[PDB]
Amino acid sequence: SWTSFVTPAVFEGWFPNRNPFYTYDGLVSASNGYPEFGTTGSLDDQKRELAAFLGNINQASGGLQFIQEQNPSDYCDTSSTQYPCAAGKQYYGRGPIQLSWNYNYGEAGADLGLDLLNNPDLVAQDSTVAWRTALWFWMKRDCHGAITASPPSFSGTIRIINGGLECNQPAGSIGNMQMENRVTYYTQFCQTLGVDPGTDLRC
């Protein structure tokens, strides 16, 4: 199990100022629903996956200090008709991975059997739902396959999570800096776990 290397102490050391809404046990419990997460490939692939998942979360949530996107648009894409926006509701970033947009809340809600399209706030109000949405995005959108492949691709996870705004950005631009911060956190977490991060890091 991945909890053998990401212990409560490792987690607390990485997120010392986390909002109390986010707990280690919450992540563990939610991960039980995605048995392949952190158990795919070699032990080093397992370590890289946890470092990549939590490194991306470190960037998105500000070290788990934030539950909701700070100073957000309502993120309702009217061209995305499969998952209809609910009147007055907003799909700004929520949870560890800052799940955004009606299309992600809708697909996640469908896969998780949750009322996320009509009640997106559940992601910021129920920590079990919050962790499940982060793991759901990671698995369903295939950040999992990107990082656990041989060779591993941390860059692939960034592309999938927020590539339009963070990848292929001029060096030093805000998007490029966010991208580099994800790489910095991933490599720092890999150092804690004693694993090589791989060479495919930036996008």
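In case it trips you up, residue 1 is the first one in the sequence shown, and so on.
Chemist: Please classify the unmodelled stretch of the deposited sequence between residue 72 and residue 73: none, 1 to 3, 4 to 9, or 10 or more residues.
Modeler: Missing residues, residue 72 to residue 73: 1 to 3.
Chemist: Comparing 97-105 with 76-84, which stretch shows the greater average C-alpha B-factor in the deposited entry?
Modeler: In the deposited entry, the stretch with the higher C-alpha B-factor mean is 76-84.
Chemist: For the C-alpha atoms alone, is the average B factor greater in 152-160 or in 170-178, going by the entry?
Modeler: Stretch with the higher mean C-alpha B-factor: 170-178.
Chemist: Among 35, 62, 55, 145, single out the one with the highest C-alpha B factor in the record, please.
Modeler: Checking the PDB record, the top C-alpha B-factor among 35, 62, 55, 145 is at 35.
Chemist: Should residue 188 be placed in the lowest, middle or highest third of its chain by the C-alpha B factor in the entry?
Modeler: Lowest third.
Chemist: Select lowest, middle or highest to describe the third in which the CA B-factor of residue 30 falls within its chain in this entry.
Modeler: For residue 30, the deposited C-alpha B-factor lands in the highest third.
Chemist: For residue 116, return the chain-relative third of its C-alpha B-factor as stated in the PDB record: lowest, middle or highest.
Modeler: It falls in the top third of the chain.
Chemist: Would you please rank residue 46 by its C-alpha temperature factor against the other modelled residues of its chain and give the third it falls in: lowest, middle or highest?
Modeler: CA B-factor rank for residue 46: lowest third.
Chemist: Using the B-factor values recorded in the entry, state whether the Cα atom of residue 67 falls in the lowest, middle or highest third among the modelled residues of its chain.
Modeler: Ranked within chain, residue 67 CA B lands in the highest tercile.
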